[PDB]
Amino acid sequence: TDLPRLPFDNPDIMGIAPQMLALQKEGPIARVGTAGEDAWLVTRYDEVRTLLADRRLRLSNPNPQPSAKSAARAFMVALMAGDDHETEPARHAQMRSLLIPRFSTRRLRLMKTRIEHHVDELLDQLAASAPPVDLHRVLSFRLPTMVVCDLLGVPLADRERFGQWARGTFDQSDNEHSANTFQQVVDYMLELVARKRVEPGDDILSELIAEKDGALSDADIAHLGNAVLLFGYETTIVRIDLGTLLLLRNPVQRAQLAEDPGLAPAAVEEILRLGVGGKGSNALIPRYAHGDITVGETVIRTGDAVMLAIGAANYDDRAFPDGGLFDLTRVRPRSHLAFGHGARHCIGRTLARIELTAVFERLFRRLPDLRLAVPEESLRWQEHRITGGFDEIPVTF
């Protein structure tokens, strides 16, 4: 009898921690310790997918005196309209109503074309340079920040201003750094909303300003833009790094994709499903029970914290045969959980898929000999950031 304690050790730089796979083998749900409060950990695909669609399980904390959070997590939860359990239903509903139509088929079609040319240009610069090159700096970081510049209608050079702000806002190890960085994000976005009020374009804030004959306050609009800025590039950067690392580990699938870029959508779904870094703390979706819920033979009581392990569920042999294997030839694979599911299903997921598809359509066709210039074990996953990630990916080609 030994209460398991999150985060679990991972001897590899990717994948799921052995202890979490061991718990998954025993059953769908276990009581675990964490850095803060104890929580129920749900590790099997069927139960994680079910609980994500259960409206009794919500982001907001209903408890009368809530456990303390890092500044980073508090900012995250506020950007997701989960900071007040009494107003979360109306506020979260409004958030999704206002953001979903910003990712229209018209906008996505136009952005796919620009994304494709941009990747072409990024790879031509990469191919013209002398190895070793940091693939994270010159490819992974550059495409998703370009996309956010396009969404917000700002010059591309602005990403050199905001490109580290998600990392800094979400630094759980330094409350003061987190708050100072979020203040910069806020100041920037308020500047931007004031400009878009007199100089609109074909971009997200201009559409928010025009919404409901202009009924939204500057604070309301900047909130929504901050969510786009802070959720809209960093996680995608990390998936380009993880997808590259995964394809480097699987040369047969990599050669298949290089030969047939029509496999890129399938590859991207495998990358999302298998792409978990380090101790994988970002592959947990946190919730609180707002009513009692029975999971198998376990009773989750109102007020309990629940960690929905989307990473472990995406590796679950019960949902994906040979769940640990990268196989872009899977026939009708189940929908992975990397974007979540239910009420908070990732608003940007179609755009993120467009970005990743454009990259991996091209990468190994344009640079067939691309490979790591350093050992895998020297790559350092950044555990203190809510979004994790690697700081550099040195390559040769």
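Numbering starts at 1 and follows the sequence shown.
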{"property": "Stretch with the greater mean C-alpha B-factor as recorded in the entry, comparing 255-263 against 115-123", "result": "255-263"}
{"property": "Given 125-133 and 267-275, the range whose Cα B-factors average higher in the PDB entry", "result": "125-133"}
{"property": "Among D316, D213, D202, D171 - the residue whose C-alpha B-factor is largest in the record", "result": "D213"}
{"property": "Residue selected from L363, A39, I347, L356 by maximal Cα B factor", "result": "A39"}
{"property": "Cα B factor band for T387 (lowest, middle or highest third within the chain)", "result": "lowest"}
{"property": "Assigned third (lowest, middle, highest) for the C-alpha B factor of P18", "result": "highest"}
{"property": "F75 - which third its CA temperature factor falls in, relative to the rest of the chain", "result": "highest"}
{"property": "Third of the chain's Cα B-factor distribution that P368 belongs to, per the entry", "result": "highest"}
{"property": "Position of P62 among the chain's modelled residues by C-alpha B-factor, lowest, middle or highest third", "result": "highest"}
